[PDB]
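As structure tokens, the structure follows; a few thoughts come after it.
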Amino acid sequence: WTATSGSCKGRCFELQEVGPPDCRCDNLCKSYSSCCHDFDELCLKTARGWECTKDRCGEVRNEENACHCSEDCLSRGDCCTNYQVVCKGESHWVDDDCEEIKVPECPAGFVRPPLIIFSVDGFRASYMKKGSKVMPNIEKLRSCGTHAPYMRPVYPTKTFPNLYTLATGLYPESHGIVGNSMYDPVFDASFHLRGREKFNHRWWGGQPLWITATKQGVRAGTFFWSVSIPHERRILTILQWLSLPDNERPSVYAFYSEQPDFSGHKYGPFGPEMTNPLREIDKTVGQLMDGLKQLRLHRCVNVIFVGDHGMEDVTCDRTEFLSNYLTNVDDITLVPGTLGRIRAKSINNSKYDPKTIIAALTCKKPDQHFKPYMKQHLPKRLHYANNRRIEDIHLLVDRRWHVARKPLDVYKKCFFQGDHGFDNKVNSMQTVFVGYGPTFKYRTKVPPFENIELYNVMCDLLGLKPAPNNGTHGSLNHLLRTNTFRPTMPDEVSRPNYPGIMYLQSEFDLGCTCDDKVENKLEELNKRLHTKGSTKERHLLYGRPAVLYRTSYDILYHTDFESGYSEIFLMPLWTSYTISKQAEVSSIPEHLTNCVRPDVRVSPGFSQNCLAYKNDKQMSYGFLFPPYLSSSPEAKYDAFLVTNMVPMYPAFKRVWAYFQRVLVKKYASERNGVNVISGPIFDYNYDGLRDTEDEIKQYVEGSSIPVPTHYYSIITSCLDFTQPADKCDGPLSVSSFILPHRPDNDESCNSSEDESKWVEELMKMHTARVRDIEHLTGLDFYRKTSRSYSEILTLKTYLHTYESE
Ligand SMILES: *[C@@H]1O[C@H](CO)[C@@H](O[C@@H]2O[C@H](CO)[C@@H](O[C@@H]3O[C@H](CO[C@H]4O[C@H](CO)[C@@H](O)[C@H](O[C@H]5O[C@H](CO)[C@@H](O)[C@H](O)[C@@H]5O[C@H]5O[C@H](CO)[C@@H](O)[C@H](O)[C@@H]5O)[C@@H]4O)[C@@H](O)[C@H](O[C@H]4O[C@H](CO)[C@@H](O)[C@H](O)[C@@H]4O[C@H]4O[C@H](CO)[C@@H](O)[C@H](O)[C@@H]4O)[C@@H]3O)[C@H](O)[C@H]2NC(C)=O)[C@H](O)[C@H]1NC(C)=O
Ligand SMILES: O=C1NCCc2c1n(CCO[C@@H]1CCCCO1)c1ccc(Cl)cc21
Ligand SMILES: [Ca+2]
Ligand SMILES: [Ca+2]
Ligand code: NA
Ligand code: NA
Ligand SMILES: [Zn+2]
């Protein structure tokens, strides 16, 4: 109930929300059907439109008008945005040369530069270049301020997940808005874009920027705008709030535009109808900047122009139907479209089985345009599994396609030509970032970055401490002139042991054998030096990784590689080695095929054993440092140490062996040497974080050898590829992956073919940031470089995407 009989007189776009049944006058009252009776009349004036004209200049104030052109309007803070241009001979902001804003130039009484976030729904990154001729105001913001060529959204690339990620710094699995549509089984409630459930606070986790601000004494404008409030009125409201007395005036504001997304769905991302929506958005930006210039705020305010996601060509005819695959399609519920989420239609149906649904959906049609995954098998870069609102069965849909349950769903709902939601690495899903103002840099291009990083920067711009989030604070310091955040590296928690030779061969009863009984003072001292770390400078190029949790581990040195060996997990946490451009690949000699050698530095009690692998019919083993890249026949024996062995399903060994034998050398050839760090990951609860030992669900049969859920590699070289990886003077270049450790290659439909036709495609899908691997391992990399720490944080957030231009 709303007592709509109260009044909005002197309350128009009030900032404090009043509680029911008292009527509302705020920018969301329309969405709740709760505005006072006179809200349209008083607050949504439209008379005489949005622009001053020559005859209006100096007019007598008529309170009925949408905006004013009378002499008093500047002191009232309610002139039309073009008032000074039409009536006082001023220029439009867009026509002024740009001039560096070295310091904020703010009116008296301003405690800090205000922040205005101008958000545009569906604004595809390539519109910045492709539409630049029809967007002069946006082009000026972009060329004069700080811009990225694109900004990566979060998955799914849908509106509500991305807008709430922008607001919180969190992945959707953590903030809880995991789609535009959701079912929460604990609440037994459904979230939809239409209707009222979405206003219930139980959906919304984390702490959004407007709450962070308010908690820390920084006042915020209300960020949300009811769809029917015209853009011109949104801009005029912001400008009016900026004229409030110092003690009442907010420091942070948001504008939102439903365009170009709205037209993009109807016409496709580049439909000829798209030019007009782009011109109109640019005109709104112009109104804001002219309005700021009139208030003497255009060299005081930081403006962010940012999108939520892009837009792809998608039509009804490119729809896959689950009814062409499943016999039991009436027993499932599908969340459809550019991603699929499947659960049982009825919790009383004990015939429901996810294993048979996945199998029926796997590689069934030659050109199949979606791939099914249990959510824990999704690429870890998507961070899309740790929430009960995310169904166990996920369909990753090819760009340009939809999935639906039955054909009747698609024509009892062709209309549309655009959609979004796909994998957030897809080029058409990328969106925009521009920052303009005193705190941003001048005429500066920055590399693409993820939208999870922006909350921290918005907090920096307002002097706020961010709530705990998934950004890496400091990784965007290169966007900022001042207000940088200068973090310290985390402290190492566990220090390593450096074991020497402590065990005789006969103390081991591991059931392993090796033909290494073939027998020099000159060269004996040399092998001892390698075991003491004499080659460590070559193979450990950026310092040893720091272990950020409590554990017992040993550093082990060898001619060709260094490792940090965990006595708890019975295998390395990390293995580090450098392969020069000139390195040669060799085979595993015949007499060493089944060779595994006790490591006399490490107790039998803290070693793997070969008998366990013999007995475990499903499990084999591989090596972290590859025997194929040994520097000499003699050094190759080190690669067969039991302390370099890790459990690997035979199907996974196909992938790993091809990476080690073929791809590493390929990368060294192309990048002028590479440093590689490889290791295991255990994430049995799919929370993106390192498992403790009591979370491990699978062991090699009969043993305490834990089975990794994933294997990672971090591959680093010199950004200036004219310098070899091991003699690099300047910035670094990285690519990394987190490969799922699966007992089949069902994910790769072409896996019966030679590995040259499918393995690298698999690896690209599972590309990762170093920071993703840090979370999953409790390790901290790049501890000892010559580079600034913020530069290193940016490098740790890099994702190599393998998308073209
Ligand atoms: C991305 O960044 C985020 C933010 O930093 C990281 O997420 C954090 O990770 C922490 C570890 O997973 C986690 O810490 C836990 O906090 C628990 C208290 O949580 C509440 O309070 C906070 C603070 O206000 C709040 O933010 C939480 O919000 C979550 O839950 C609500 C629903 O109530 C949602 O609306 C909201 O969206 C959010 O959900 C997300 O997180 C939860 C987990 O908290 C998931 O289940 C959801 O799926 C979703 O992803 C909460 O309201 C605290 O209780 C935990 O302590 C337990 O574990 C410790 C281990 O130290 C143990 O010692 C304790 O005994 C305790 O265990 C007991 O409970 C167990 C489970 O019931 C039980 O088995 C035991 O036997 C014990 O009885 C824990 O400290 C922190 O909450 C989140 N924060 C957020 C906002 O998500 C995230 O990791 C980053 N991601 C990556 C990849 O780096
Ligand atoms: O105006 C809105 N109308 C459409 C639904 C909607 C709007 N805003 C406000 C604008 O916020 C964006 C992103 C955060 C930073 C400021 O700019 C939202 C914010 C979050 C969510 Cl989840 C949905 C929103
Ligand atoms: Ca959107
Ligand atoms: Ca985990
Ligand atoms: Na075996
Ligand atoms: Na396959
Ligand atoms: Zn859309």
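Residues in the structure tokens are named by chain (A, B, ... in the order shown) and by number from 1 within that chain; ligands are numbered from 1 in the order shown.
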
Shell of 7 Å around ligand 6 (only C-alpha atoms and all ligand atoms), written as an MDAnalysis selection string: chainID A and resid 745:752

Since we have the selection now, will you write its residues out, keeping C-alpha atoms, as a short mmCIF file (atom, residue, chain, number, x, y, z; two decimals), in the first residue's frame?
```
data_model
loop_
_atom_site.label_atom_id
_atom_site.label_comp_id
_atom_site.auth_asym_id
_atom_site.auth_seq_id
_atom_site.Cartn_x
_atom_site.Cartn_y
_atom_site.Cartn_z
CA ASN A 745 38.81 -35.65 -23.33
CA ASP A 746 35.02 -35.39 -23.84
CA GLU A 747 35.40 -31.60 -23.77
CA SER A 748 37.35 -31.74 -27.02
CA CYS A 749 35.10 -33.15 -29.78
CA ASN A 750 38.14 -33.65 -32.06
CA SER A 751 40.32 -35.56 -29.53
CA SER A 752 40.49 -38.80 -31.58
#
```

Segment 715-726 of chain A environment, 6 Å, only C-alpha atoms, sequence neighbours closer than 5 positions dropped, as an MDAnalysis selection string: chainID A and resid 671:676 731:736

- prompt: If you run DSSP on the backbone, which residues of segment 122-258 of chain A are alpha helix (DSSP H), as a VMD selection string?
  reply: chain A and resid 127 to 130 136 to 144 159 to 168 172 to 175 209 to 215 231 to 241

With N, CA and C atoms kept, could you save the residues just selected as a short mmCIF file (atom, residue, chain, number, x, y, z; two decimals), in the first residue's frame?
```
data_model
loop_
_atom_site.label_atom_id
_atom_site.label_comp_id
_atom_site.auth_asym_id
_atom_site.auth_seq_id
_atom_site.Cartn_x
_atom_site.Cartn_y
_atom_site.Cartn_z
N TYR A 127 32.42 0.34 -31.01
CA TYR A 127 31.69 1.56 -31.34
C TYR A 127 32.58 2.78 -31.15
N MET A 128 33.60 2.70 -30.28
CA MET A 128 34.43 3.89 -30.01
C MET A 128 35.13 4.33 -31.29
N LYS A 129 35.65 3.36 -32.07
CA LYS A 129 36.28 3.69 -33.37
C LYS A 129 35.23 3.80 -34.49
N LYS A 130 34.34 2.82 -34.58
CA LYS A 130 33.43 2.71 -35.70
C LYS A 130 32.40 3.84 -35.70
N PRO A 136 31.12 13.18 -31.32
CA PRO A 136 32.23 14.10 -31.04
C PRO A 136 32.54 14.32 -29.55
N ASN A 137 31.51 14.39 -28.69
CA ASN A 137 31.75 14.62 -27.25
C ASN A 137 32.45 13.43 -26.62
N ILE A 138 31.97 12.22 -26.96
CA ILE A 138 32.61 10.98 -26.45
C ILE A 138 34.04 10.87 -26.99
N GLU A 139 34.24 11.24 -28.26
CA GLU A 139 35.56 11.19 -28.85
C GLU A 139 36.52 12.14 -28.16
N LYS A 140 36.04 13.31 -27.76
CA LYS A 140 36.87 14.25 -27.01
C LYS A 140 37.21 13.68 -25.64
N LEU A 141 36.23 13.09 -24.96
CA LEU A 141 36.54 12.45 -23.66
C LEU A 141 37.63 11.39 -23.83
N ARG A 142 37.47 10.60 -24.88
CA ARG A 142 38.38 9.49 -25.12
C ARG A 142 39.78 9.95 -25.48
N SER A 143 39.88 10.90 -26.41
CA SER A 143 41.20 11.30 -26.90
C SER A 143 41.94 12.17 -25.86
N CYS A 144 41.21 12.97 -25.09
CA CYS A 144 41.84 13.88 -24.16
C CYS A 144 42.12 13.28 -22.78
N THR A 159 23.27 -7.85 -18.41
CA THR A 159 23.19 -6.53 -17.80
C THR A 159 23.34 -6.51 -16.28
N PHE A 160 22.43 -7.19 -15.57
CA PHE A 160 22.47 -7.12 -14.09
C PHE A 160 23.76 -7.69 -13.46
N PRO A 161 24.27 -8.84 -13.95
CA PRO A 161 25.55 -9.31 -13.41
C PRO A 161 26.65 -8.28 -13.61
N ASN A 162 26.70 -7.64 -14.79
CA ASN A 162 27.77 -6.67 -15.02
C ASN A 162 27.60 -5.34 -14.32
N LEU A 163 26.39 -4.81 -14.30
CA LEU A 163 26.22 -3.56 -13.56
C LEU A 163 26.52 -3.75 -12.06
N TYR A 164 26.15 -4.90 -11.49
CA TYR A 164 26.42 -5.11 -10.08
C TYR A 164 27.91 -5.41 -9.82
N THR A 165 28.58 -6.07 -10.77
CA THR A 165 30.05 -6.19 -10.70
C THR A 165 30.73 -4.80 -10.75
N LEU A 166 30.25 -3.91 -11.62
CA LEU A 166 30.81 -2.58 -11.67
C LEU A 166 30.65 -1.91 -10.31
N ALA A 167 29.52 -2.15 -9.66
CA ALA A 167 29.21 -1.48 -8.39
C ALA A 167 29.96 -2.03 -7.18
N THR A 168 30.41 -3.27 -7.27
CA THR A 168 30.95 -4.01 -6.10
C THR A 168 32.38 -4.51 -6.19
N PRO A 172 30.16 -12.30 -10.16
CA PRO A 172 28.76 -12.67 -9.94
C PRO A 172 28.58 -13.84 -8.97
N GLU A 173 29.45 -14.85 -8.99
CA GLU A 173 29.25 -15.94 -8.02
C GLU A 173 29.33 -15.43 -6.58
N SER A 174 30.05 -14.32 -6.34
CA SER A 174 30.19 -13.78 -5.01
C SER A 174 29.14 -12.70 -4.68
N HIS A 175 28.76 -11.84 -5.62
CA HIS A 175 27.74 -10.84 -5.31
C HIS A 175 26.30 -11.39 -5.41
N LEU A 209 29.18 0.57 -4.33
CA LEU A 209 29.88 1.84 -4.12
C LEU A 209 29.07 2.89 -3.37
N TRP A 210 27.77 3.00 -3.65
CA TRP A 210 26.96 4.02 -2.96
C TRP A 210 26.85 3.73 -1.45
N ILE A 211 26.86 2.46 -1.08
CA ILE A 211 26.87 2.05 0.35
C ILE A 211 28.25 2.28 0.96
N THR A 212 29.31 1.89 0.23
CA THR A 212 30.69 2.16 0.70
C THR A 212 30.87 3.65 0.99
N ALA A 213 30.41 4.48 0.05
CA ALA A 213 30.54 5.92 0.19
C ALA A 213 29.83 6.42 1.46
N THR A 214 28.57 6.02 1.60
CA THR A 214 27.68 6.52 2.69
C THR A 214 28.25 6.10 4.04
N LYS A 215 28.65 4.84 4.16
CA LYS A 215 29.30 4.35 5.38
C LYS A 215 30.53 5.12 5.81
N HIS A 231 16.27 11.09 -20.53
CA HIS A 231 17.69 11.34 -20.25
C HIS A 231 18.01 12.78 -19.93
N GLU A 232 17.32 13.70 -20.61
CA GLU A 232 17.54 15.10 -20.36
C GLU A 232 17.23 15.48 -18.92
N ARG A 233 16.20 14.85 -18.35
CA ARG A 233 15.80 15.11 -16.98
C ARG A 233 16.80 14.48 -16.00
N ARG A 234 17.37 13.33 -16.36
CA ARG A 234 18.39 12.70 -15.50
C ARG A 234 19.59 13.64 -15.37
N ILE A 235 20.04 14.19 -16.50
CA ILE A 235 21.18 15.08 -16.54
C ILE A 235 20.87 16.35 -15.73
N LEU A 236 19.69 16.94 -15.94
CA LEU A 236 19.32 18.14 -15.21
C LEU A 236 19.23 17.90 -13.69
N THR A 237 18.77 16.73 -13.28
CA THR A 237 18.72 16.37 -11.87
C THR A 237 20.15 16.31 -11.28
N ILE A 238 21.08 15.65 -11.97
CA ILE A 238 22.47 15.59 -11.51
C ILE A 238 23.05 16.98 -11.38
N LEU A 239 22.81 17.82 -12.38
CA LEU A 239 23.35 19.17 -12.35
C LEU A 239 22.73 19.98 -11.22
N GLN A 240 21.45 19.75 -10.95
CA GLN A 240 20.80 20.42 -9.82
C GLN A 240 21.37 19.98 -8.47
N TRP A 241 21.60 18.67 -8.33
CA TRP A 241 22.25 18.16 -7.09
C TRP A 241 23.63 18.75 -6.89
#
```

* Neighbours of ligand 5 within 7 Å, counting only C-alpha atoms and all ligand atoms, as a ChimeraX atom specification? -> /A:613-620

Note to self: When you look at residue 51 of chain A with a cut-off of 10 Å (counting only C-alpha atoms), what residues show up, excluding the ones that are within fewer than 4 positions of it in the same chain? I need them as number ranges by chain.
What the structure shows: A: 56, 66-69, 79-83, 86, 232, 287
